[PDB]
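Dumped query.tsv below, it's TSV, N, CA and C atoms and all ligand atoms:
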```tsv
chain	number	residue	atom	x	y	z
A	1	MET	N	129.85	265.38	120.29
A	1	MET	CA	130.35	263.98	120.42
A	1	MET	C	129.95	263.42	121.79
A	2	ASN	N	129.00	262.52	121.82
A	2	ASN	CA	128.55	261.92	123.11
A	2	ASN	C	128.49	263.01	124.19
A	3	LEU	N	128.47	262.61	125.44
A	3	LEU	CA	128.41	263.61	126.54
A	3	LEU	C	129.82	264.14	126.82
A	4	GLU	N	129.92	265.23	127.53
A	4	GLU	CA	131.27	265.80	127.84
A	4	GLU	C	132.03	264.82	128.74
A	5	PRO	N	133.33	264.80	128.66
A	5	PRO	CA	134.18	263.90	129.49
A	5	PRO	C	133.65	263.75	130.92
A	6	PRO	N	133.31	262.55	131.33
A	6	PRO	CA	132.78	262.30	132.71
A	6	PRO	C	133.90	262.28	133.76
A	7	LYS	N	133.55	262.49	135.00
A	7	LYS	CA	134.59	262.48	136.07
A	7	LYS	C	134.95	261.04	136.43
A	8	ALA	N	135.54	260.33	135.51
A	8	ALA	CA	135.92	258.91	135.80
A	8	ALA	C	137.25	258.88	136.55
A	9	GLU	N	137.26	259.33	137.77
A	9	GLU	CA	138.53	259.32	138.56
A	9	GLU	C	138.21	259.54	140.04
A	10	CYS	N	137.81	260.73	140.40
A	10	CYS	CA	137.49	261.00	141.83
A	10	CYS	C	138.66	260.56	142.71
A	11	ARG	N	139.50	261.47	143.10
A	11	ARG	CA	140.66	261.11	143.96
A	11	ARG	C	140.19	260.97	145.41
A	12	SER	N	139.03	261.48	145.72
A	12	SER	CA	138.52	261.38	147.11
A	12	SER	C	138.70	259.95	147.63
A	13	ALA	N	138.40	258.98	146.81
A	13	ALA	CA	138.55	257.57	147.25
A	13	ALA	C	139.97	257.34	147.76
A	14	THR	N	140.25	256.18	148.28
A	14	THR	CA	141.63	255.90	148.80
A	14	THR	C	141.86	254.39	148.83
A	15	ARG	N	141.42	253.73	149.87
A	15	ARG	CA	141.62	252.26	149.97
A	15	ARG	C	140.27	251.55	149.81
A	16	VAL	N	139.22	252.30	149.61
A	16	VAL	CA	137.88	251.67	149.44
A	16	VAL	C	137.69	251.24	147.98
A	17	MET	N	138.66	250.56	147.43
A	17	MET	CA	138.54	250.12	146.01
A	17	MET	C	139.71	249.18	145.67
A	18	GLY	N	139.47	248.22	144.82
A	18	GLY	CA	140.57	247.27	144.45
A	18	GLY	C	140.58	246.09	145.42
A	19	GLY	N	141.59	245.27	145.36
A	19	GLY	CA	141.67	244.10	146.27
A	19	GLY	C	140.88	242.93	145.67
A	20	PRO	N	141.06	241.75	146.21
A	20	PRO	CA	140.36	240.53	145.73
A	20	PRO	C	138.89	240.79	145.41
A	21	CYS	N	138.56	240.96	144.16
A	21	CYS	CA	137.14	241.23	143.78
A	21	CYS	C	136.78	240.41	142.54
A	22	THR	N	135.74	239.62	142.62
A	22	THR	CA	135.33	238.79	141.45
A	22	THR	C	133.80	238.73	141.38
A	23	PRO	N	133.19	239.55	140.57
A	23	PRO	CA	131.70	239.58	140.43
A	23	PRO	C	131.12	238.18	140.19
A	24	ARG	N	129.82	238.06	140.17
A	24	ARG	CA	129.19	236.73	139.94
A	24	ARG	C	127.94	236.90	139.08
A	25	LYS	N	127.96	236.41	137.87
A	25	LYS	CA	126.77	236.55	136.98
A	25	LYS	C	126.37	238.02	136.91
A	26	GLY	N	127.29	238.91	137.16
A	26	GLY	CA	126.96	240.36	137.11
A	26	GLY	C	125.83	240.67	138.09
A	27	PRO	N	125.60	241.93	138.37
A	27	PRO	CA	124.53	242.36	139.31
A	27	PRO	C	123.21	241.60	139.08
A	28	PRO	N	122.36	241.55	140.07
A	28	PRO	CA	121.05	240.85	139.97
A	28	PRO	C	120.35	241.11	138.63
A	29	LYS	N	119.43	240.27	138.25
A	29	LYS	CA	118.71	240.48	136.96
A	29	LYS	C	117.44	241.28	137.21
A	30	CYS	N	117.51	242.58	137.07
A	30	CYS	CA	116.30	243.42	137.29
A	30	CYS	C	115.41	243.39	136.05
A	31	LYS	N	115.04	244.54	135.55
A	31	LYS	CA	114.18	244.59	134.33
A	31	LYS	C	112.93	243.74	134.57
A	32	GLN	N	112.64	243.40	135.80
A	32	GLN	CA	111.44	242.58	136.09
A	32	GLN	C	111.23	242.50	137.60
A	33	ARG	N	111.39	243.59	138.30
A	33	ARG	CA	111.20	243.57	139.78
A	33	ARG	C	109.86	242.90	140.11
A	34	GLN	N	109.89	241.79	140.78
A	34	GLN	CA	108.62	241.09	141.13
A	34	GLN	C	108.87	240.16	142.32
A	35	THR	N	109.36	238.98	142.07
A	35	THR	CA	109.62	238.02	143.18
A	35	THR	C	110.71	237.04	142.75
A	36	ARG	N	111.69	237.50	142.01
A	36	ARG	CA	112.78	236.59	141.57
A	36	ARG	C	113.94	236.65	142.57
A	37	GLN	N	113.91	237.61	143.46
A	37	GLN	CA	115.01	237.74	144.46
A	37	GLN	C	114.40	237.92	145.85
A	38	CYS	N	113.45	238.81	145.98
A	38	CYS	CA	112.82	239.04	147.31
A	38	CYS	C	111.98	237.81	147.70
A	39	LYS	N	112.46	237.01	148.61
A	39	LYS	CA	111.70	235.80	149.02
A	39	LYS	C	112.06	235.44	150.46
A	40	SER	N	111.10	235.03	151.24
A	40	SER	CA	111.39	234.66	152.66
A	40	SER	C	110.08	234.26	153.35
A	41	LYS	N	109.37	235.22	153.89
A	41	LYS	CA	108.09	234.91	154.59
A	41	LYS	C	106.95	235.67	153.90
A	42	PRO	N	105.74	235.16	153.98
A	42	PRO	CA	104.56	235.81	153.36
A	42	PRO	C	104.60	237.34	153.48
A	43	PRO	N	103.91	238.03	152.61
A	43	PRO	CA	103.88	239.52	152.63
A	43	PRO	C	103.09	240.07	153.83
A	44	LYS	N	103.60	241.08	154.47
A	44	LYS	CA	102.89	241.65	155.65
A	44	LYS	C	103.41	243.07	155.92
A	45	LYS	N	103.84	243.34	157.12
A	45	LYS	CA	104.36	244.70	157.44
A	45	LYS	C	105.27	244.62	158.66
A	46	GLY	N	106.40	245.28	158.62
A	46	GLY	CA	107.33	245.24	159.79
A	46	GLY	C	108.13	243.94	159.76
A	47	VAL	N	107.59	242.89	160.30
A	47	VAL	CA	108.32	241.59	160.31
A	47	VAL	C	108.86	241.30	158.91
A	48	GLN	N	108.01	241.24	157.93
A	48	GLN	CA	108.48	240.96	156.54
A	48	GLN	C	109.11	242.23	155.95
A	49	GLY	N	108.30	243.19	155.58
A	49	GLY	CA	108.85	244.44	155.00
A	49	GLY	C	107.79	245.54	155.06
A	50	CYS	N	107.13	245.81	153.97
A	50	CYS	CA	106.09	246.87	153.96
A	50	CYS	C	105.18	246.69	152.75
A	51	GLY	N	105.73	246.27	151.64
A	51	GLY	CA	104.90	246.07	150.42
A	51	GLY	C	104.58	247.43	149.79
A	52	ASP	N	105.59	248.17	149.41
A	52	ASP	CA	105.35	249.50	148.79
A	52	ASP	C	104.81	249.31	147.38
A	53	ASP	N	105.28	250.09	146.44
A	53	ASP	CA	104.80	249.96	145.04
A	53	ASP	C	105.86	250.49	144.08
A	54	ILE	N	106.27	251.72	144.25
A	54	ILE	CA	107.31	252.30	143.35
A	54	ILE	C	108.34	253.06	144.18
A	55	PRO	N	109.25	252.35	144.79
A	55	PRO	CA	110.32	252.96	145.64
A	55	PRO	C	111.12	254.03	144.89
A	56	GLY	N	111.83	254.86	145.60
A	56	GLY	CA	112.63	255.92	144.92
A	56	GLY	C	111.74	257.13	144.62
A	57	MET	N	110.57	257.17	145.21
A	57	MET	CA	109.66	258.32	144.96
A	57	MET	C	108.70	258.49	146.15
A	58	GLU	N	108.58	257.48	146.96
A	58	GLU	CA	107.67	257.58	148.14
A	58	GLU	C	107.97	256.44	149.11
A	59	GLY	N	108.82	255.52	148.73
A	59	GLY	CA	109.15	254.39	149.64
A	59	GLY	C	110.24	254.82	150.62
A	60	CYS	N	111.28	255.46	150.13
A	60	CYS	CA	112.38	255.90	151.03
A	60	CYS	C	112.99	257.19	150.49
A	61	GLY	N	113.94	257.76	151.19
A	61	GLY	CA	114.57	259.02	150.71
A	61	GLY	C	115.05	259.85	151.91
A	62	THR	N	114.47	259.63	153.06
A	62	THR	CA	114.89	260.41	154.26
A	62	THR	C	115.89	259.59	155.08
A	63	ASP	N	115.51	258.44	155.55
A	63	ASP	CA	116.44	257.61	156.36
A	63	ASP	C	117.55	257.05	155.46
A	64	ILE	N	117.82	257.70	154.36
A	64	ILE	CA	118.89	257.21	153.44
A	64	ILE	C	119.69	258.40	152.91
A	65	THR	N	119.02	259.43	152.47
A	65	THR	CA	119.74	260.62	151.94
A	65	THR	C	120.35	261.40	153.10
A	66	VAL	N	119.72	261.38	154.24
A	66	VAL	CA	120.26	262.12	155.41
A	66	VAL	C	121.02	261.16	156.33
A	67	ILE	N	120.41	260.06	156.69
A	67	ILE	CA	121.08	259.08	157.59
A	67	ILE	C	120.90	257.66	157.03
A	68	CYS	N	121.90	257.14	156.37
A	68	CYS	CA	121.78	255.76	155.82
A	68	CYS	C	122.44	254.76	156.78
A	69	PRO	N	121.76	253.69	157.11
A	69	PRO	CA	122.31	252.66	158.04
A	69	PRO	C	123.79	252.36	157.78
A	70	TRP	N	124.26	252.66	156.59
A	70	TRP	CA	125.69	252.39	156.28
A	70	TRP	C	126.58	253.26	157.17
A	71	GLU	N	126.10	254.41	157.57
A	71	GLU	CA	126.93	255.30	158.44
A	71	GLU	C	126.96	254.73	159.86
A	72	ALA	N	125.93	254.96	160.62
A	72	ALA	CA	125.91	254.43	162.02
A	72	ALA	C	125.58	252.94	161.99
A	73	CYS	N	126.31	252.18	161.22
A	73	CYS	CA	126.04	250.71	161.15
A	73	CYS	C	126.18	250.10	162.54
A	74	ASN	N	125.15	250.20	163.35
A	74	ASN	CA	125.23	249.62	164.72
A	74	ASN	C	123.82	249.56	165.32
A	75	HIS	N	123.09	250.64	165.26
A	75	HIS	CA	121.71	250.63	165.82
A	75	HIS	C	120.88	249.54	165.14
A	76	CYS	N	120.21	249.88	164.07
A	76	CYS	CA	119.38	248.88	163.34
A	76	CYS	C	118.34	248.28	164.30
A	77	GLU	N	117.09	248.35	163.95
A	77	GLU	CA	116.03	247.78	164.84
A	77	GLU	C	116.19	246.26	164.92
A	78	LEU	N	115.75	245.55	163.91
A	78	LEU	CA	115.87	244.06	163.93
A	78	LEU	C	116.92	243.63	162.90
A	79	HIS	N	117.12	242.34	162.75
A	79	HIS	CA	118.11	241.85	161.76
A	79	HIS	C	119.48	242.47	162.06
A	80	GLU	N	120.00	242.24	163.24
A	80	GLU	CA	121.33	242.81	163.59
A	80	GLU	C	122.43	241.78	163.30
A	81	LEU	N	122.06	240.53	163.15
A	81	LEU	CA	123.09	239.49	162.86
A	81	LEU	C	123.55	239.63	161.41
A	82	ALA	N	122.78	240.31	160.60
A	82	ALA	CA	123.17	240.49	159.17
A	82	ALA	C	124.42	241.37	159.08
A	83	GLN	N	125.07	241.62	160.18
A	83	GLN	CA	126.29	242.48	160.16
A	83	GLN	C	127.48	241.65	159.67
A	84	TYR	N	127.44	240.36	159.84
A	84	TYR	CA	128.58	239.51	159.38
A	84	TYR	C	128.57	239.40	157.86
A	85	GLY	N	127.45	239.68	157.24
A	85	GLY	CA	127.39	239.59	155.75
A	85	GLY	C	127.23	238.13	155.33
A	86	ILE	N	127.04	237.25	156.28
A	86	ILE	CA	126.87	235.81	155.94
A	86	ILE	C	125.56	235.62	155.17
A	87	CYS	N	124.90	236.70	154.85
A	87	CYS	CA	123.61	236.58	154.10
A	87	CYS	C	123.83	235.76	152.83
B	101	LIG	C1	132.52	259.90	142.87
B	101	LIG	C2	133.72	260.73	143.34
B	101	LIG	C3	134.50	259.80	144.25
B	101	LIG	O1	135.73	259.74	144.34
B	101	LIG	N1	133.49	258.96	145.01
B	101	LIG	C4	133.69	258.17	146.31
B	101	LIG	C5	134.88	258.58	146.99
B	101	LIG	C6	136.03	257.76	146.38
B	101	LIG	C7	136.89	257.14	147.47
B	101	LIG	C8	136.88	258.62	145.44
B	101	LIG	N2	135.33	256.68	145.56
B	101	LIG	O2	135.90	255.83	144.52
B	101	LIG	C9	133.89	256.68	146.07
B	101	LIG	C10	132.95	256.14	145.00
B	101	LIG	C11	133.80	255.88	147.37
B	101	LIG	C12	132.24	259.10	144.15
B	101	LIG	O3	131.14	258.64	144.45
B	102	LIG	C1	135.23	244.89	143.64
B	102	LIG	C2	134.47	245.67	142.57
B	102	LIG	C3	134.12	246.94	143.36
B	102	LIG	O1	133.91	248.04	142.84
B	102	LIG	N1	134.05	246.67	144.86
B	102	LIG	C4	133.66	247.61	146.00
B	102	LIG	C5	132.50	248.38	145.65
B	102	LIG	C6	133.02	249.61	144.89
B	102	LIG	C7	132.40	250.89	145.45
B	102	LIG	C8	132.75	249.48	143.39
B	102	LIG	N2	134.53	249.60	145.13
B	102	LIG	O2	135.56	250.32	144.39
B	102	LIG	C9	134.73	248.65	146.31
B	102	LIG	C10	136.13	248.05	146.28
B	102	LIG	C11	134.44	249.38	147.62
B	102	LIG	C12	134.49	245.21	144.93
B	102	LIG	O3	134.29	244.43	145.87
B	103	LIG	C1	122.05	240.56	152.51
B	103	LIG	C2	123.60	240.51	152.66
B	103	LIG	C3	122.43	240.39	153.54
B	103	LIG	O1	122.67	239.83	154.61
B	103	LIG	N1	123.25	240.78	152.26
B	103	LIG	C4	122.46	241.45	151.13
B	103	LIG	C5	122.24	242.84	151.40
B	103	LIG	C6	120.98	242.92	152.27
B	103	LIG	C7	120.01	243.97	151.71
B	103	LIG	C8	121.32	243.22	153.72
B	103	LIG	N2	120.37	241.52	152.17
B	103	LIG	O2	119.35	240.93	153.04
B	103	LIG	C9	121.05	240.88	150.98
B	103	LIG	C10	121.04	239.35	151.11
B	103	LIG	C11	120.39	241.34	149.68
B	103	LIG	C12	123.04	240.22	153.64
B	103	LIG	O3	123.20	240.72	154.73
B	104	LIG	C1	115.45	248.46	137.65
B	104	LIG	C2	116.13	247.41	138.53
B	104	LIG	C3	115.93	247.92	139.95
B	104	LIG	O1	115.71	247.22	140.94
B	104	LIG	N1	116.05	249.44	139.91
B	104	LIG	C4	116.33	250.40	141.06
B	104	LIG	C5	117.68	250.89	141.02
B	104	LIG	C6	117.69	252.20	141.81
B	104	LIG	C7	118.39	253.30	141.01
B	104	LIG	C8	118.35	252.02	143.18
B	104	LIG	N2	116.21	252.54	142.00
B	104	LIG	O2	115.64	253.49	142.95
B	104	LIG	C9	115.48	251.67	140.99
B	104	LIG	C10	114.04	251.42	141.46
B	104	LIG	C11	115.53	252.31	139.61
B	104	LIG	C12	115.81	249.74	138.43
B	104	LIG	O3	115.90	250.85	137.93
B	105	LIG	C1	107.94	246.80	151.82
B	105	LIG	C2	107.24	246.28	150.56
B	105	LIG	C3	108.25	245.21	150.12
B	105	LIG	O1	107.97	244.22	149.45
B	105	LIG	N1	109.66	245.53	150.63
B	105	LIG	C4	110.98	244.80	150.35
B	105	LIG	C5	111.54	245.19	149.09
B	105	LIG	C6	113.03	244.87	149.17
B	105	LIG	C7	113.87	246.07	148.71
B	105	LIG	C8	113.38	243.63	148.35
B	105	LIG	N2	113.29	244.58	150.65
B	105	LIG	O2	114.44	243.91	151.24
B	105	LIG	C9	112.07	245.14	151.36
B	105	LIG	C10	111.85	244.42	152.69
B	105	LIG	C11	112.21	246.65	151.55
B	105	LIG	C12	109.42	246.77	151.48
B	105	LIG	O3	110.26	247.59	151.83
B	106	LIG	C1	112.20	243.02	147.67
B	106	LIG	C2	111.72	242.82	146.23
B	106	LIG	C3	111.06	244.18	145.98
B	106	LIG	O1	110.93	244.69	144.86
B	106	LIG	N1	110.60	244.83	147.28
B	106	LIG	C4	109.83	246.13	147.49
B	106	LIG	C5	109.17	246.15	148.77
B	106	LIG	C6	108.92	247.63	149.10
B	106	LIG	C7	109.39	247.95	150.52
B	106	LIG	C8	107.45	248.00	148.91
B	106	LIG	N2	109.76	248.40	148.08
B	106	LIG	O2	109.66	249.81	147.72
B	106	LIG	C9	110.73	247.36	147.52
B	106	LIG	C10	111.19	247.77	146.12
B	106	LIG	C11	111.92	247.17	148.47
B	106	LIG	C12	111.11	243.85	148.32
B	106	LIG	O3	110.72	243.74	149.49
B	107	LIG	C1	114.01	252.26	150.14
B	107	LIG	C2	113.68	251.97	148.67
B	107	LIG	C3	115.10	251.81	148.11
B	107	LIG	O1	115.38	251.15	147.11
B	107	LIG	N1	116.13	252.56	148.95
B	107	LIG	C4	117.63	252.75	148.72
B	107	LIG	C5	118.22	253.56	149.74
B	107	LIG	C6	119.72	253.23	149.74
B	107	LIG	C7	120.21	252.95	151.17
B	107	LIG	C8	120.53	254.35	149.10
B	107	LIG	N2	119.83	251.97	148.88
B	107	LIG	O2	121.03	251.41	148.28
B	107	LIG	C9	118.41	251.44	148.80
B	107	LIG	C10	118.23	250.60	147.53
B	107	LIG	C11	118.06	250.64	150.06
B	107	LIG	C12	115.27	253.09	150.10
B	107	LIG	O3	115.55	254.02	150.85
B	108	LIG	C1	122.64	253.95	152.29
B	108	LIG	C2	121.78	255.14	151.84
B	108	LIG	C3	122.20	255.21	150.36
B	108	LIG	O1	121.50	255.68	149.47
B	108	LIG	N1	123.59	254.63	150.14
B	108	LIG	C4	124.43	254.57	148.86
B	108	LIG	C5	125.83	254.67	149.16
B	108	LIG	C6	126.57	254.06	147.95
B	108	LIG	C7	127.62	253.06	148.41
B	108	LIG	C8	127.20	255.15	147.08
B	108	LIG	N2	125.47	253.36	147.15
B	108	LIG	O2	125.53	252.90	145.77
B	108	LIG	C9	124.30	253.24	148.12
B	108	LIG	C10	122.98	253.15	147.35
B	108	LIG	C11	124.50	252.05	149.06
B	108	LIG	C12	123.94	254.10	151.53
B	108	LIG	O3	125.06	253.84	151.96
B	109	LIG	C1	125.53	248.51	158.44
B	109	LIG	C2	126.36	248.76	157.18
B	109	LIG	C3	125.38	248.25	156.12
B	109	LIG	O1	125.37	248.63	154.95
B	109	LIG	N1	124.42	247.21	156.69
B	109	LIG	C4	123.36	246.37	155.97
B	109	LIG	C5	122.70	245.48	156.88
B	109	LIG	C6	121.35	245.13	156.23
B	109	LIG	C7	120.21	245.29	157.24
B	109	LIG	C8	121.36	243.72	155.65
B	109	LIG	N2	121.20	246.14	155.09
B	109	LIG	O2	120.28	246.07	153.96
B	109	LIG	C9	122.23	247.22	155.40
B	109	LIG	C10	122.64	247.94	154.11
B	109	LIG	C11	121.67	248.20	156.44
B	109	LIG	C12	124.79	247.21	158.16
B	109	LIG	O3	124.55	246.32	158.98
```
Write the structure described by the file as structure tokens, please.
Amino acid sequence: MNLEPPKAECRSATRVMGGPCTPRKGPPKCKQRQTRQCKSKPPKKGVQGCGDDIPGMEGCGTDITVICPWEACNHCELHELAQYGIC
């Protein structure tokens, strides 16, 4: 019968859940990664981004699985004002 009962609980959490939350049009519309969300300045390197090809296999995995900016949220090279979330 379907997969075995999933761990839909995890008590490890505590206050990092609940509270005033109201999604919007559900998560972004993927199924077509191209240029429907990523937009700003012409394609280049560093200033803009990098222009990879198939992330999750060669784009990233080290500065995220071992040290993700979410932990030491303070260093960050550029774009430090994005800390307010006013994005
Ligand atoms: C799955 C297990 C779990 O509980 N996780 C963490 C820790 C708590 C606080 C329990 N969560 O709800 C989050 C997702 C933050 C898991 O990732
Ligand atoms: C409300 C919906 C939600 O889940 N939110 C965030 C992100 C996750 C990890 C799903 N949470 O349980 C918290 C509350 C941290 C919301 O903003
Ligand atoms: C984006 C909220 C940016 O300021 N919020 C989100 C998440 C990241 C990846 C940081 N972004 O640039 C978008 C807009 C997708 C702002 O800081
Ligand atoms: C299709 C939509 C998208 O952007 N995406 C991401 C989601 C995660 C799991 C973060 N990832 O590494 C991929 C590239 C799969 C999709 O699967
Ligand atoms: C370098 C190649 C590229 O287009 N890019 C974008 C992709 C997303 C995840 C939208 N983004 O915010 C960056 C700047 C990473 C690269 O990383
Ligand atoms: C945002 C839109 C997108 O798919 N993208 C690419 C750019 C690079 C860094 C090559 N990459 O692996 C992602 C998926 C982030 C953006 O810059
Ligand atoms: C660069 C390519 C990518 O999508 N990615 C992950 C890493 C974490 C921080 C887990 N994450 O939510 C994104 C989508 C940025 C990279 O390391
Ligand atoms: C940055 C590095 C990474 O992969 N990551 C995870 C952490 C949670 C909140 C579980 N998540 O869905 C992302 C992809 C953001 C980071 O904090
Ligand atoms: C530290 C905590 C966090 O997740 N974060 C954002 C800031 C930007 C650069 C917008 N981003 O994509 C991450 C996830 C690093 C912080 O400033």
Collect all residues with atoms no farther than 6 Å from ligand LIG 101 (chain B), counting only N, CA and C atoms and all ligand atoms, and output them as a compact mmCIF listing (two decimals) with N, CA and C atoms, in the frame of the given file.
```txt
# COMPACT_ATOMS: atom_id res chain seq x y z
N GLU A 9 137.26 259.33 137.77
CA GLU A 9 138.53 259.32 138.56
C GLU A 9 138.21 259.54 140.04
N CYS A 10 137.81 260.73 140.40
CA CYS A 10 137.49 261.00 141.83
C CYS A 10 138.66 260.56 142.71
N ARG A 11 139.50 261.47 143.10
CA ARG A 11 140.66 261.11 143.96
C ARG A 11 140.19 260.97 145.41
N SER A 12 139.03 261.48 145.72
CA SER A 12 138.52 261.38 147.11
C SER A 12 138.70 259.95 147.63
N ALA A 13 138.40 258.98 146.81
CA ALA A 13 138.55 257.57 147.25
C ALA A 13 139.97 257.34 147.76
N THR A 14 140.25 256.18 148.28
CA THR A 14 141.63 255.90 148.80
C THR A 14 141.86 254.39 148.83
N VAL A 16 139.22 252.30 149.61
CA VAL A 16 137.88 251.67 149.44
C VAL A 16 137.69 251.24 147.98
```
Please check which protein, DNA or RNA residues sit within 6 Å of ligand LIG 102 (chain B), counting all atoms listed in the file, and write them as an NGL selection string. :A and (16-18 or 20-22)
Among chain A, which residues does DSSP mark as alpha helix (DSSP H) when it is run on the backbone? Keep the chain and numbering as in the structure and answer as a list in words. residues 62, 63, 64 and 65 of chain A
For chain A versus ligand LIG 104 (chain B), which residues have an atom no more than 6 Å away, and what is each residue's nearest atom pair and distance in Å rounded to one decimal, using all atoms listed in the file, chain-then-number order, as JSON lines?
```
{"residue": "A:30", "atom": "CA", "partner": "B:LIG104", "partner_atom": "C2", "distance": 4.2}
{"residue": "A:31", "atom": "N", "partner": "B:LIG104", "partner_atom": "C2", "distance": 4.3}
{"residue": "A:32", "atom": "N", "partner": "B:LIG104", "partner_atom": "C2", "distance": 6.0}
{"residue": "A:33", "atom": "CA", "partner": "B:LIG104", "partner_atom": "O1", "distance": 5.9}
{"residue": "A:55", "atom": "C", "partner": "B:LIG104", "partner_atom": "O2", "distance": 4.9}
{"residue": "A:56", "atom": "CA", "partner": "B:LIG104", "partner_atom": "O2", "distance": 4.3}
```
Distance limit 5 Å, reference ligand LIG 105 (chain B), atoms considered: all atoms listed in the file. Which residues make the cut? Give them as a count of residues only. 6
Compile the contact shell of residue A:53 as a VMD selection string: residues with an atom at most 12 Å away, counting only C-alpha atoms, same-chain residues fewer than 5 positions apart removed. chain A and resid 33 to 34 58 to 60
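Of note, atom CA of residue A:19 and atom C4 of ligand LIG 103 (chain B) are spaced 20.0 Å apart.
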What are the closest atom pairs, with distances in Å to one decimal, for each residue of chain A lying within 12 Å of ligand LIG 108 (chain B), using only C-alpha atoms and all ligand atoms, rows by chain and rising residue number, as a Markdown table?
```
| residue | atom | partner | partner_atom | distance |
| --- | --- | --- | --- | --- |
| A:13 | CA | B:LIG108 | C8 | 11.6 |
| A:16 | CA | B:LIG108 | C7 | 10.4 |
| A:17 | CA | B:LIG108 | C7 | 11.6 |
| A:56 | CA | B:LIG108 | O1 | 10.0 |
| A:60 | CA | B:LIG108 | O1 | 9.3 |
| A:61 | CA | B:LIG108 | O1 | 7.8 |
| A:62 | CA | B:LIG108 | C2 | 9.0 |
| A:63 | CA | B:LIG108 | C2 | 7.4 |
| A:64 | CA | B:LIG108 | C2 | 3.9 |
| A:65 | CA | B:LIG108 | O1 | 5.8 |
| A:66 | CA | B:LIG108 | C2 | 8.0 |
| A:67 | CA | B:LIG108 | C2 | 7.0 |
| A:68 | CA | B:LIG108 | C2 | 4.0 |
| A:69 | CA | B:LIG108 | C1 | 5.9 |
| A:70 | CA | B:LIG108 | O3 | 4.6 |
| A:71 | CA | B:LIG108 | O3 | 6.9 |
| A:72 | CA | B:LIG108 | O3 | 10.1 |
| A:73 | CA | B:LIG108 | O3 | 9.8 |
```
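Atom pair atom N of residue A:83 / atom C8 of ligand LIG 109 (chain B): separated by 6.2 Å.
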What does the distance between atom N of residue A:85 and atom N of residue A:35 come to in Å, to one decimal place?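 These two atoms are separated by 23.6 Å.
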Kindly indicate which residue among A:54, A:8, A:76, A:3 lies nearest to ligand LIG 106 (chain B), using only N, CA and C atoms and all ligand atoms for the distances.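 Among the listed residues, the smallest separation from ligand LIG 106 (chain B) belongs to A:54.
Distances here use all atoms listed in the file; by that measure, the residue among A:57, A:1, A:86, A:78 closest to ligand LIG 107 (chain B) is A:57.
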Once 8 Å is added on each side, what centre and edge lengths in Å to one decimal does the axis-aligned box around all listed atoms of stretch 45-58 of chain A have, as AutoDock Vina command-line options?
```
--center_x 108.2 --center_y 249.7 --center_z 151.8 --size_x 24.8 --size_y 33.5 --size_z 33.0
```
So which one's closest to ligand LIG 103 (chain B), A:25, A:15, A:45, A:39? Using only C-alpha atoms and all ligand atoms, please.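 Checking each of A:25, A:15, A:45, A:39 against ligand LIG 103 (chain B), counting only C-alpha atoms and all ligand atoms, the winner is A:39.
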Minimum-distance residue to ligand LIG 103 (chain B), chosen among A:37, A:4, A:75, A:29 (using all atoms listed in the file):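 Result for the nearest residue to ligand LIG 103 (chain B): A:37.
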Requested file, stretch 55-86 of chain A restricted to C-alpha atoms, as a short mmCIF file (atom, residue, chain, number, x, y, z; two decimals), in the first residue's frame:
```
data_model
loop_
_atom_site.label_atom_id
_atom_site.label_comp_id
_atom_site.auth_asym_id
_atom_site.auth_seq_id
_atom_site.Cartn_x
_atom_site.Cartn_y
_atom_site.Cartn_z
CA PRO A 55 22.54 23.01 -10.98
CA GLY A 56 22.31 20.33 -8.27
CA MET A 57 25.07 18.30 -9.96
CA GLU A 58 27.95 20.71 -10.67
CA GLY A 59 26.64 24.22 -9.91
CA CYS A 60 26.68 24.00 -6.10
CA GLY A 61 26.85 21.43 -3.27
CA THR A 62 29.85 22.47 -1.13
CA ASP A 63 29.11 26.03 0.05
CA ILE A 64 25.61 24.71 0.86
CA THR A 65 25.80 21.13 2.17
CA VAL A 66 28.70 22.04 4.50
CA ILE A 67 28.28 25.81 5.00
CA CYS A 68 25.04 27.43 3.75
CA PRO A 69 24.78 31.26 4.00
CA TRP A 70 21.66 30.58 6.10
CA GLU A 71 23.96 29.61 9.00
CA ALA A 72 26.55 32.41 9.24
CA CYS A 73 24.04 34.86 7.73
CA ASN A 74 26.42 37.84 8.06
CA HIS A 75 29.52 37.53 5.85
CA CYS A 76 28.14 37.33 2.28
CA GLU A 77 30.38 38.95 -0.36
CA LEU A 78 27.99 41.37 -2.14
CA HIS A 79 24.22 41.93 -1.85
CA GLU A 80 24.29 42.41 1.95
CA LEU A 81 21.23 44.71 2.01
CA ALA A 82 19.11 41.70 0.98
CA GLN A 83 19.16 40.85 4.70
CA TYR A 84 15.96 42.86 5.33
CA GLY A 85 14.09 40.55 2.92
CA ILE A 86 12.62 43.66 1.25
#
```
